[PDB]
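As structure tokens, one chain now follows by itself in the form deposited without the partner chain.
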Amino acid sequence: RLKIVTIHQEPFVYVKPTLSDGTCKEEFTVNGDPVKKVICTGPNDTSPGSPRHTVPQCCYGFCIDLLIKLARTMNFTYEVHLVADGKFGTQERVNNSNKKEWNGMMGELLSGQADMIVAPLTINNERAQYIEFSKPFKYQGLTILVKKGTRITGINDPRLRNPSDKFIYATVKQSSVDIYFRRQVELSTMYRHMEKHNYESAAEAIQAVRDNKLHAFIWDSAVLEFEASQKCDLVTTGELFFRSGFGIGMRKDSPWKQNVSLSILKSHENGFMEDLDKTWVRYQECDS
């Protein structure tokens, strides 16, 4: 049985409690089809002070539908869990030494706590040094989320490039967003500003934008465009940048890679990804 690791990230992965009986609530799409749900174990509370308890939860969304298809197509069984530290994955020092390790899903995949990462996981060369990716299952980029009415053009807007305290922007901790900001000369000063204010999760950053505590949130367009389309008070602004894909993650020299990529190819070829888009990404007007 493959150990699949994933992360809470709407609309790709929804995470909800079980009912009192341990079952997942019966739900239907707008088209009337049952929402496919899998059990996923993971931490139930992320609040500072609150104890961690790893409990069965209910998972569903674009990525779970993709998983279900993959497992059928390639004839594997699986069990899903949520990444224990809540992170996508960057490199960090081990015990403040010069040796480095990955945190997040990257870290679990490398340690064997997972066999496959099935998530909105950005393909990039830093991570590709350590793991294999499928071909992209979705093409996307970064964009910026703001409150409706905020006057920002994009990543080269002087309010970002020449920041005062009057305008706070941020991304998510231990995602690939920081290092690619660091590695750019034109964006080094933004990395300096942001590492001070970054959020533990996308959900918390989004909420901070709604609550006027964060003026701009830099994050995946596949996510922010959905969020802004679901919430009438939030918008995205500027051109996509750092265009890149989401891929399935596997250990180097995994025997699964070729067949995973072939599955993803078929899904781009035959309308399946577009069907998923129509189920999870664009289907109704804002209401949340």
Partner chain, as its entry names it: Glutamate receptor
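If you superpose the two forms and keep the largest set of C-alpha atoms that fall within 1.5 Å, you have the rigid core. Residue numbers count along the first chain shown, from 1.
Coverage remark for residue 247: present in the model in all other entries compared whose chains are built on both sides, leaving no third without it.
Among other compared entries that model residues flanking residue 50, a third or more give it no coordinates. Note on 176-184 vs 214-222: mean CA B-factor is higher in 176-184.
The question of which stretch, 55-63 or 237-245, has the higher mean Cα B factor is settled in favour of 237-245. Which of 46, 41, 263, 229 has the largest Cα B-factor in the deposited entry comes down to 46. Across the options 85, 195, 101, 126, the residue with the most elevated CA B-factor in the record is 195. The entry lists a Cα temperature factor for residue 30 that places it in the highest third of the chain's modelled residues. Annotation for residue 161: CA B-factor lies in the highest third of the chain's modelled residues. Among the modelled residues of its chain, residue 2 has a C-alpha B-factor that falls in the highest third according to the deposited record.
Residue-level temperature factors show residue 136 in the lowest third of its chain, judged at the C-alpha atom. Annotation for residue 20: C-alpha temperature factor in the highest third relative to the rest of the modelled chain, per the entry.
What follows is about the form solved in complex with the partner chain, which we do not show.
By the 4.5 Å heavy atom rule, the three marked residues 125, 140 and 243 all count as contacting the partner chain in the entry with it bound.
This chain is displayed without the partner chain, yet in the entry with it bound the stretch 132-140 from 105-113, 191-199, 163-171, 132-140 comes within 4.5 Å of it by heavy atoms. Proximity to the partner chain in the entry with it bound, defined as a heavy atom within 4.5 Å, holds among 55, 232, 262, 30 only for 262. Shown alone here, residue 271 lies within 4.5 Å of the partner chain in the entry with it bound, counting heavy atoms only. In the entry with it bound, the partner chain sits beyond 4.5 Å of every heavy atom of residue 25. Contact annotation: residue 78 falls outside 4.5 Å of the partner chain in the entry with it bound, judged by heavy atom distances. When both forms sit on the same rigid core, the CA shifts between this form and the one not shown reach 2 angstroms or more only at 179 out of 123, 168, 179, 110.
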